[PDB]
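For reference, the structure is listed below as structure tokens.
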Amino acid sequence: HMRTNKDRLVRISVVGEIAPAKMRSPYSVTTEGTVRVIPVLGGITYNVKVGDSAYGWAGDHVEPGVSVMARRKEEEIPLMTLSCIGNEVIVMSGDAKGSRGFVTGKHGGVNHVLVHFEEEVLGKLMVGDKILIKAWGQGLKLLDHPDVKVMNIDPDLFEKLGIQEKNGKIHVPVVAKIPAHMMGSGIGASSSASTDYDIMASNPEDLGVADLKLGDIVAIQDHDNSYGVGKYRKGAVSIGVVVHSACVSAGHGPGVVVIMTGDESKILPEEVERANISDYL
Amino acid sequence: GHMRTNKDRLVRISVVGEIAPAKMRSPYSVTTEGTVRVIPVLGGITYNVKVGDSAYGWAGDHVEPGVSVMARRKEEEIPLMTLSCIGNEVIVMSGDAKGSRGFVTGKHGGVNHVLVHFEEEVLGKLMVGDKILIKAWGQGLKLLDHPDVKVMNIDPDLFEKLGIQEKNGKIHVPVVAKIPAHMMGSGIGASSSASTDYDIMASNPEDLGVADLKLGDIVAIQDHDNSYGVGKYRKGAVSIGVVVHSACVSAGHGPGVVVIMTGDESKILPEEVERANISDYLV
Amino acid sequence: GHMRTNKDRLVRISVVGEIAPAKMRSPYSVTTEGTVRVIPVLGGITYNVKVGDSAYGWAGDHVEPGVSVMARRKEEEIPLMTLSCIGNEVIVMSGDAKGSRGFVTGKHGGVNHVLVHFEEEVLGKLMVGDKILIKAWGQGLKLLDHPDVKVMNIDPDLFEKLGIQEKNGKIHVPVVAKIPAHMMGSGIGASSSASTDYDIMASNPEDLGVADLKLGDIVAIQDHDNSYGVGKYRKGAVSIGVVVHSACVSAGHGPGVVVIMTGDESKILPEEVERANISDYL
Amino acid sequence: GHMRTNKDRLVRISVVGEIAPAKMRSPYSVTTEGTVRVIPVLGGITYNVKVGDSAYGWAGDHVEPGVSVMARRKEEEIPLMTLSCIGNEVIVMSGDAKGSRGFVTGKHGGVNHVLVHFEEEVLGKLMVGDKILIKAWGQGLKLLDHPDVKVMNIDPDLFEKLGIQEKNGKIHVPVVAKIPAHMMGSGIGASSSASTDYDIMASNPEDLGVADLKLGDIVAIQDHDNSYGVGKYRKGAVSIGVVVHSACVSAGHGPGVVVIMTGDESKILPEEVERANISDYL
Amino acid sequence: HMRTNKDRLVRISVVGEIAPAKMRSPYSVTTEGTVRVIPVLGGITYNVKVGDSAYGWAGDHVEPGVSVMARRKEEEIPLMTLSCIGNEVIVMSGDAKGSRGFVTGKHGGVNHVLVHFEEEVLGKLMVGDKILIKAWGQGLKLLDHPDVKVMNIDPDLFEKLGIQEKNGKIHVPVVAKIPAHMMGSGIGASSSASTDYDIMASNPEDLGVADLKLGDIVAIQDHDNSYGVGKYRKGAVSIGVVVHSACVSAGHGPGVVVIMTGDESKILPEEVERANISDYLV
Ligand SMILES: [Cl-]
Ligand SMILES: [Cl-]
Ligand SMILES: [Cl-]
Ligand SMILES: [Cl-]
Ligand SMILES: [Cl-]
Ligand SMILES: [Cl-]
Ligand SMILES: [Cl-]
Ligand SMILES: [Cl-]
Ligand SMILES: [Cl-]
Ligand SMILES: [Cl-]
Ligand SMILES: [Cl-]
Ligand SMILES: [Cl-]
Ligand SMILES: [K+]
Ligand SMILES: [K+]
Ligand SMILES: [K+]
Ligand SMILES: [K+]
Ligand SMILES: [K+]
């Protein structure tokens with residue numbers, strides 16, 4: 001139990017609706033300059049869920065579970081900014097009205113918040129159904145570690161990640177440690193609070209692991225995410241969550257939402273067999 | 001045996017639309033003879049034309065069987081048309097027939113409608129504008145032992161019921177007709193065979209050497225490759241498709257075909273049978 | 001005893017709209033005398049005026065009996081107006097009168113309304129904007145033994161009730177009046193007779209040689225061909241139509257007529273009767 | 001020695017547009033092999049490609065020779081595409097090349113461009129958005145002694161220079177190639193042959209049995225009737241057209257053809273020559 | 001001089017207009033989470049030009065010379081795709097009408113093409129003035145080096161970069177070799193033909209050099225740019241041109257437009273004191 005400002009934090013209604021499956025072209029362009037016709041992002045994805053492999057799908061940018069978009073452009077920034085991984089989500093219209101889930105991730109660009117509901121719910125949902133996220137976590141501070149920034153994470157979920165304070169150093173279980181040069185699309189976004197960015201590994205063996213799963217906790221080496229996304233800084237480290245599937249185009253791959261950032265003197269990622277948010281929700 | 005596929009890597013996703021109105025841009029349809037007729041066209045809930053019926057003998061043009069489903073907005077057309085596969089499950093999500101289930105029978109480019117079969121009882125309860133969920137599944141499908149035979153636009157479970165067989169490294173496919181390249185018209189050159197149909201421009205089924213061509217029929221198209229864009233003429237290529245809409249009165253138009261398979265004549269052997277119609281595995 | 005038709009080749013399709021508001025572009029209607037009157041006009045649920053009533057004797061202009069049905073949007077107007085046939089079944093799909101059934105009595109071009117008769121009890125439950133389904137059926141209808149006699153705008157089952165008879169390779173049609181070409185005004189020239197009405201510009205029914213002209217009445221128009229566009233003057237042509245809206249106050253307007261049959265006087269013999277009104281066959 | 005025409009009954013009218021930008025909906029063009037290329041496409045002032053040049057051998061897709069002319073707005077696209085005939089006079093009405101004159105070489109449907117040849121000196125003074133006047137003339141043209149041979153899309157004065165000859169109640173037409181029906185792709189089914197081109201989907205000119213196919217070339221299309229809509233397969237029909245745009249990389253596309261004549265093989269006898277190219281008759 | 005396909009290449013009018021200076025906020029957010037009020041991108045920038053340091057200006061994303069934007073959104077793709085570094089630019093309206101310049105770079109997101117004119121021209125220019133780019137270079141291939149891709153570069157300017165063939169390998173003068181990890185904003189764009197991407201060096205010394213100048217030729221180690229932008233692959237190498245100034249926000253820095261990409265076994269960057277396109281535009 002780290003000391004935080006949890007009691008100072010503001011909890012607020014963030015609304016959206018279930019997003020349709022989205023495609024701007026039938027074709028996805030590969031790194032080899034070839035075209036494939038495959039499903040992409042958005043929608044209710046019936047057979048890909050948090051906890052599944054990010055790899056091995058005939059798809060691109062596939063978002064697990066339910067994708068939630070804004071009612072209109074003006075409402076995209078708060079949706080994307082305030083929604084934190086692990087926040088409670090309630091279905092507010094349609095046949096699954098009253099059903100509860102949790103935020104697994106968010107994806108910038110199209111600006112989707114990604115949500116896990118129990119399987120039985122998914123078959124009752126419809127594109128356009130109203131969604132309430134009870135947004136809570138931005139503003140979170142570690143009072144004993146002011147140089148370690150945290151974000152994008154529900155404070156109750158934060159306490160279940162196996163993070164231990166030992167000797168003024170913050171030990172964090174991770175499945176993999178990713179070099180700065182493996183990060184691609186999304187570097188330079190205005191705020192790490194409001195988007196993911198991509199690990200451009202075409203295969204999980206490129207990251208030194210047999211598999212990378214949606215919901216996995218990873219370390220990003222030599223990236224500072226305190227403000228904008230993806231600042232290369234030797235000795236910086238970031239901790240994040242894997243939020244979407246593998247991708248076919250140059251510079252893309254499984255998305256990561258940052259939950260912690262600071263110096264390698266303070267944050268010690270420790271490689272374990274399993275570290276996945278699906279285990280706690 | 002069972003064709004080896006990548007079925008388990010396939011993504012299943014919600015594709016949304018709404019029941020389309022009957023659409024007409026003019027009261028008149030222009031014939032091949034340069035005359036005008038006033039007849040029903042595409043869109044809507046068509047009450048007396050269904051998958052399994054003849055594509056011919058209707059006083060109509062581009063008539064779409066059953067329920068025509070359009071996008072909620074233009075931006076949603078590409079996924080509707082691309083991801084929706086013949087045989088996919090369809091659920092009515094608003095109106096008096098809410099909870100009713102049907103199947104995708106076809107899709108038609110231009111207006112960009114996905115065509116759906118529901119049991120006859122359901123049709124009398126439907127209303128234009130009613131919300132429609134397609135549980136889209138099939139794009140990405142590969143035959144793991146036949147890499148040079150491309151498949152598309154087809155629900156994997158429905159694909160298994162088409163009487164298709166592996167032998168001697170070749171795929172045998174039952175069809176009602178084999179259609180020459182020169183009989184294909186409107187829709188050649190579309191960007192992607194995954195997202196449209198193209199027309200057989202036969203005025204009469206006898207022009208194809210058959211007594212009838214029915215909505216839902218499986219046909220072969222000779223000397224057309226449909227791997228990427230639509231309707232590349234190539235000597236020795238063969239495509240398999242499904243008939244999806246009715247006969248048409250204007251030059252270059254006729255019953256629509258959605259391609260489900262394409263490759264080389266050395267690998268795909270269409271074999272002419274009396275009956276090969278998806279309604280047998282769907283109505 | 002039916003005429004041979006291609007009825008079985010005809011396509012039945014959903015045509016949608018919604019109950020139209022009462023519409024007025026000005027408070028005033030301009031008369032043929034160049035004066036102004038403030039009176040109700042077209043659109044709406046008209047509580048007071050119905051198929052079978054006189055087209056004359058109302059303090060109103062272009063009054064549409066029963067329920068006026070318009071398109072959801074402009075792009076849907078053509079199929080609404082083209083495919084909807086007199087006598088087609090109509091079903092209320094939203095609001096308090098949801099499930100109620102009626103019949104198309106007519107259609108009026110310009111504002112593009114299809115006009116619908118429901119039972120009187122229904123009207124008081126209806127609201128402007130309530131959703132309407134027309135089960136459109138009849139366009140494409142051909143008389144297989146009379147290829148030169150064109151039919152349109154008419155539900156085939158209603159067509160069989162009009163007292164029309166084959167004899168000697170000709171068609172006898174009961175009508176209340178036969179209207180000269182020069183009595184037809186507004187709507188001549190419309191692209192298609194399938195998609196609109198045109199006006200009988202008689203100020204009084206006596207101008208037509210009859211004591212009354214009623215909404216629903218079956219009439220002949222002499223020397224007009226309506227095979228394609230509306231109102232082609234041709235000596236010896238004859239058209240048959242149905243009266244669909246009320247008398248009118250402005251020059252060139254009057255009770256509207258939707259054409260259901262057109263051909264030559266050698267083939268179509270209108271025969272004047274006391275009564276020929278579609279309300280009798282609801 | 002002219003054919004008898006209704007030339008004097010034809011209406012000459014102003015058709016306007018403006019110089020179109022280069023247009024691309026994606027940086028990539030998708031090939032028949034399912035790969036992507038980044039290359040120039042249609043629209044614009046193409047400095048480098050002109051009527052008379054090969055339709056093949058460019059690193060490009062749908063490249064339109066000379067100056068591409070589009071409509072000021074969507075509502076003006078139909079008359080632009082319909083009335084503009086190959087060989088019509090074109091006048092620059094604004095910008096630095098104001099007063100310069102050129103000739104219509106073709107037109108391309110979809111984006112709806114009319115393609116124009118100006119002298120080379122003019123091109124360097126032109127700007128996208130400069131105003132363009134086409135003196136449209138030729139739609140309505142009939143061959144008075146060959147009623148079953150339809151002509152279209154062609155300036156009558158240009159028509160007289162094509163080496164076409166009457167003999168024995170038949171029409172002999174010089175062509176560089178005769179193209180089978182099955183070689184025609186994109187554009188089949190368009191409402192009207194008067195308002196668009198359609199594509200020869202040959203990847204290489206050798207697929208057509210010729211060493212080269214040039215922009216401006218006169219070709220025959222075997223077994224296609226183009227009297228009304230585009231590309232009706234009919235055994236024994238023959239069409240004559242002009243090649244109007246470059247080879248293409250996607251399935252079902254290739255050099256575009258605007259039809260100028262259509263009828264039966266009993267009346268129209270295409271005769272293969274070494275050269276038949278409209279650039280010779282500017 | 002390398003064998004190319006220069007002869008198949010299409011040259012086409014790409015238009016735009018001079019862009020205003022653009023700011024979405026008065027504040028620019030730094031890597032330290034502070035705000036500064038400083039000039040940004042767009043406009044005619046009077047005192048920053050190709051050849052100047054990318055660093056040491058109190059500004060963010062500063063674009064040298066004249067920033068050119070599309071007339072409308074639909075025209076952005078061709079502007080950004082077809083415009084090649086070194087292409088000729090002609091002013092088509094305003095007080096400097098007829099003045100010629102050269103493309104120095106392009107910048108994705110806002111989608112500006114950057115242009116160098118002689119200094120005297122700049123004082124005559126106005127935001128909104130019409131701009132013609134004679135676009136030429138996309139489609140360029142090295143016929144003897146099929147696995148070395150080139151792009152975004154005027155073929156004549158390409159021949160001035162001191163690039164030499166020896167032993168089936170390509171030697172390229174560069175001022176710096178930049179590690180993959182120093183590349184940020186713009187990775188993952190659909191096409192390297194239509195955007196730049198950022199070197200996120202806060203200071204030039206972060207790249208092992210005293211200075212990095214606008215117009216500098218650089219190597220990016222372990223990035224493949226054949227299709228989409230910034231694919232990390234060990235052993236790939238890309239060559240690019242520095243196109244805009246240093247940036248204050250995380251993940252941004254001087255922008256690079258890629259002109260060549262391939263394998264380290266074929267492309268040999270060689271570090272020199274000076275390699276800058278300002279030495280050769282004209
Ligand atoms: Cl999930
Ligand atoms: Cl690194
Ligand atoms: Cl059906
Ligand atoms: Cl194979
Ligand atoms: Cl053939
Ligand atoms: Cl009534
Ligand atoms: Cl009164
Ligand atoms: Cl008269
Ligand atoms: Cl030209
Ligand atoms: Cl090439
Ligand atoms: Cl053929
Ligand atoms: Cl400059
Ligand atoms: K999803
Ligand atoms: K339908
Ligand atoms: K009414
Ligand atoms: K051009
Ligand atoms: K500038």
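Excluded from the calculations below are hydrogen atoms, water molecules and symmetry mates; all remaining heavy atoms, backbone and side chain alike, are included. Throughout, protein chains are lettered first and strands after them, A, B, ... in sequence-line order, and every chain is numbered starting at 1. Numbering of ligands and ligand atoms starts at 1, following listing order.
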- Item | Taking every non-hydrogen atom, the tightest pair across C:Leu10 and C:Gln139 | CD2-O, 4.1 Å
- Let me see the working for C:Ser192 and B:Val38 under side-chain contact (heavy atoms from CB on, under 4.5 Å), right down to the final yes or no. CA-CA 9 Å; C:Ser192 174; B:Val38 175; 4.0 Å; yes
- Query: Considering residues, nucleotides and ligands other than B:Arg25, do more than 12 of their heavy atoms fall under 6.0 Å from its CZ?
  - Reply: no
- Item | Degrees at the K ion (ligand 14) between the O atom of B:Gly66 and the OG atom of B:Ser68, nearest 10° |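 Answer comes to 120°, rounded to 10°.
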- Task: Would you name the N/O/S atom of B:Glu64 that lies closest to the K ion (ligand 14)?
- Result: O
- Task: Examine all N, O or S atoms of C:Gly43, backbone included, and report whether one is under 3.4 Å from the K ion (ligand 15).
- Result: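 Here the distance criterion (N, O or S atom, under 3.4 Å) is met by C:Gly43, so yes.
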- Task: Assess whether salt bridge (charged side-chain N to carboxylate O under 4.0 Å, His left out) is satisfied between C:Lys98 and B:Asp96, documenting all intermediate values.
- Result: CA-CA 11 Å; C:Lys98 212 260 253 305; B:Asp96 300 334; 3.2 Å; yes
- Query: How are the rings of B:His62 and B:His245 set relative to one another: parallel (under 30°), tilted (30 to 60°) or perpendicular (over 60°)?
  - Reply: parallel
- Does any N, O or S atom in B:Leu42 come within less than 3.4 Å of the K ion (ligand 14)?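 No N, O or S atom of B:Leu42 is closer than 3.4 Å to the K ion (ligand 14), so no.
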- Note on the structure: For OG1 in C:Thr46 and O in C:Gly44, the angle at the K ion (ligand 15) (nearest 10°) is 110°
